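Working notes, beginning with the structure itself.
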Amino acid sequence: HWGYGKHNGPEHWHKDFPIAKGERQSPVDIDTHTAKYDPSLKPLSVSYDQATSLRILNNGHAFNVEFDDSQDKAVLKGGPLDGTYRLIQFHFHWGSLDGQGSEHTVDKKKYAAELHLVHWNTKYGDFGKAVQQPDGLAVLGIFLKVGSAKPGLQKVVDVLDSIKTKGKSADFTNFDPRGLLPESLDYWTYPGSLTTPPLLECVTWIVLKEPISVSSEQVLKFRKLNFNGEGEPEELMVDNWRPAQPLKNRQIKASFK
Ligand SMILES: NS(=O)(=O)c1c(F)c(F)c(N[C@]23C[C@H]4C[C@H](C[C@H](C4)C2)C3)c(F)c1F
Ligand SMILES: [Zn+2]
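Okay, here's the thing in structure tokens:
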């Protein structure tokens, strides 16, 4: 039922998922000026050398590129984190126009898109158990602006025509997610939630300060995807972002400056 239109969009979610109005919801605006520098935060450790991509799926809200998370193959650790978190999937949120699309904002600025690399805490044994814990997930957010092409994203953009409608999937092996990372790993971090229903408050958010650049043609291709299934009327998959939620009683920490 939930989605991103007039009648079922983010402002409606709280009726099915009352946690929508809770104490640690995501995304948020990152006020760069009041984020607290913390010299005790560690560098983020991104170990994606052994990543195994498997498949790409249109799930009706975004597309996910999924990874084999049955061993420690692509993990995030360090940064603000105490455990090891295995990469299970990545996906993006984007706009109908280049002026919007990101979920997090930086001093109210919206980016054309936002990449989410979703990871789960190995201590809880799998993803479904991890989302029930307050430290279950670590999601690495990376902003996308439009400019030069990101060569490392092109394999993804090139397969989207094969998964146009909700429910379609395609084999997607040997995709290297290191080709989506900007140069710097400087980050902000705060405690928050999944940004889609069920909106579970299980996420340590780690948002990179440095955006990656993607070409207008790349992001144009995201916008050719569909929310609807193959049988049905065409609703373009655009503006699948939740806007910024109240920070409430939370402090955003910065690994830098
Ligand atoms: N935007 S996000 O990074 O906060 C995010 C996830 F982290 C996610 F893990 C997911 N995936 C799930 C898969 C399934 C279990 C939960 C709830 C639903 C169904 C969405 C998480 C998701 F859709 C999502 F948008
Ligand atoms: Zn997301």
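All you need for full-length UniProt numbering is the position in the sequence shown, starting with 1, plus 3.
The beta carbon of each residue, even a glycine, is placed where N, CA and C say it ideally should be.
Cβ-based burial, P30 [other Cβ within 10 Å; buried from 16]: Along the sequence shown, read from residue 1 onward, the residue named residue 30 stands at position 27. Looking at its Cβ environment, which holds 16 or more other Cβ atoms inside 10 Å, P30 is buried.
What are the boundary residues of the alpha helix (DSSP H) that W16 is part of? Taking the first residue of the sequence shown as position 1, residue 16 is located at position 13. Its alpha helix (DSSP H) spans residues 16 to 19.
With respect to 7 Å, is the separation between the Cβ of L197 and the closest non-hydrogen atom of ligand 1 below this value? Here the question's residue 197 lines up with position 194 in the sequence shown. It does: the Cβ of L197 is within 7 Å (strictly closer) of some heavy atom of ligand 1.
Would you call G98 buried or exposed, if buried means 16 or more other Cβ atoms sit within 10 Å of its Cβ? Numbered from 1 along the sequence shown, position 95 holds the residue referred to as residue 98. With 16 or more Cβ atoms within 10 Å of its Cβ, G98 is classed as buried.
Use the C-beta contact count for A115: other C-beta atoms within 10 angstroms, 16 or more gives buried, fewer gives exposed. Residue 115 sits at position 112 when you count from the first residue of the sequence shown. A115 should be labelled buried.
Cβ atoms of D189 and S258: under 8 Å apart, would you say? Reading the sequence shown from its first residue, position 255 is the one you call residue 258. Reading the sequence shown from its first residue, position 186 is the one you call residue 189. Taking 8 Å as the Cβ cut-off, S258 and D189 qualify as a contacting pair.
Contact test: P201 Cβ vs ligand 1 heavy atom, cutoff 7 Å: Position 198 of the sequence shown, counted from the first residue, corresponds to residue 201. Yes, the Cβ of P201 comes within 7 Å of a heavy atom of ligand 1.
If you compare alpha carbons, which of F230, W191, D32, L202 is closest to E213? Numbered from 1 along the sequence shown, position 210 holds the residue referred to as residue 213. Checking every option, the nearest Cα to that of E213 belongs to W191.
So, using beta-carbon positions, are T35 and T87 closer together than 8 Å? Position 32 of the sequence shown, counting from 1, holds the residue named residue 35. Position 84 of the sequence shown, counting from 1, holds the residue named residue 87. Going by C-beta atoms, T35 is not nearer than 8 Å to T87.
Pick helix, strand or coil for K171, following the three-state DSSP scheme. By 1-based counting over the sequence shown, the position of residue 171 is 168. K171: coil per DSSP, three-state reduction.
Restricting to runs no shorter than 3 residues, where is the beta strand (DSSP E) found entirely within the segment 150 to 226? 172 to 174, 190 to 195, 206 to 211, 215 to 217
Starting from the C-beta of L239, find all residues in its chain whose C-beta is less than 8 Å away, skip the five residues before and the five after it, and write them out in chain order. As a working mapping, residue 239 is identified with position 236 in the sequence shown. The residues are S99, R226, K227, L228, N229, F230.
Provide the residue span of the beta strand (DSSP E) that contains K132, from first to last. Here residue 132 refers to the residue found at position 129 when the sequence shown is read from its first residue. That residue, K132, is in no beta strand (DSSP E); its alpha helix (DSSP H) goes 130 to 133.
With distances taken Cα to Cα, identify the nearest neighbour of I255 among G63, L57, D41, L84. Counting from one through the sequence shown, the residue named residue 255 turns up at place 252. With distances taken between Cα atoms, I255 lies closest to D41.
Limits of the beta strand (DSSP E) - the one that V68 falls within: Counted from its first residue, the sequence shown places residue 68 at position 65. Per DSSP, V68 belongs to the beta strand (DSSP E) from 66 to 70.
Would you check if the distance between the CB atom of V68 and the CB atom of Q53 is smaller than 8 Å? As a first step, residue 68 is located in the sequence shown; it is residue number 65 there, counting from the start. As a first step, residue 53 is located in the sequence shown; it is residue number 50 there, counting from the start. No, Cβ-Cβ distance for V68 and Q53 is not below 8 Å.
From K251, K9, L47, residue whose alpha carbon lies closest to that of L143: As a first step, residue 143 must be located in the sequence shown, where it is residue number 140. Ranking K251, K9, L47 by Cα distance to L143 puts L47 first.
Using only the alpha-carbon positions, how far apart do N252 and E26 sit? Residue mapping note: residue 252 aligns to position 249 of the sequence shown, counting from 1. Residue mapping note: residue 26 aligns to position 23 of the sequence shown, counting from 1. If you take the alpha carbons of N252 and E26, they lie about 7 Å apart.
Just the C-alpha distance for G12 and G128, rounded to the nearest angstrom, thanks. Walking along the sequence shown from the start, residue 12 turns up at place 9. Walking along the sequence shown from the start, residue 128 turns up at place 125. Computed Cα separation, rounded: 33 Å.
In terms of alpha-carbon separation, which member of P200, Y193, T37 lies closest to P83? Position 80 of the sequence shown, counted from the start, is the residue given in the question as residue 83. When only C-alpha atoms are compared, the closest one is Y193.
From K113 to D138, what does the alpha carbon distance come to, in whole angstroms? The count along the sequence shown starts at 1 and reaches residue 113 at position 110. The count along the sequence shown starts at 1 and reaches residue 138 at position 135. One C-alpha to the other measures close to 27 Å.
Does any heavy atom of ligand 2 sit closer than 7 Å to the C-beta of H119? By one-based count along the sequence shown, residue 119 stands at place 116. For ligand 2, at least one heavy atom lies less than 7 Å from the Cβ of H119.
Can you list, in chain order, the residues of its chain with a C-beta nearer than 8 Å to that of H4? Leave out the 5 residues immediately preceding and following it. On the sequence shown, residue 4 is found 1 positions in, with the first residue counted as 1. Within the same chain, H4 has close Cβ partners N11, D19.
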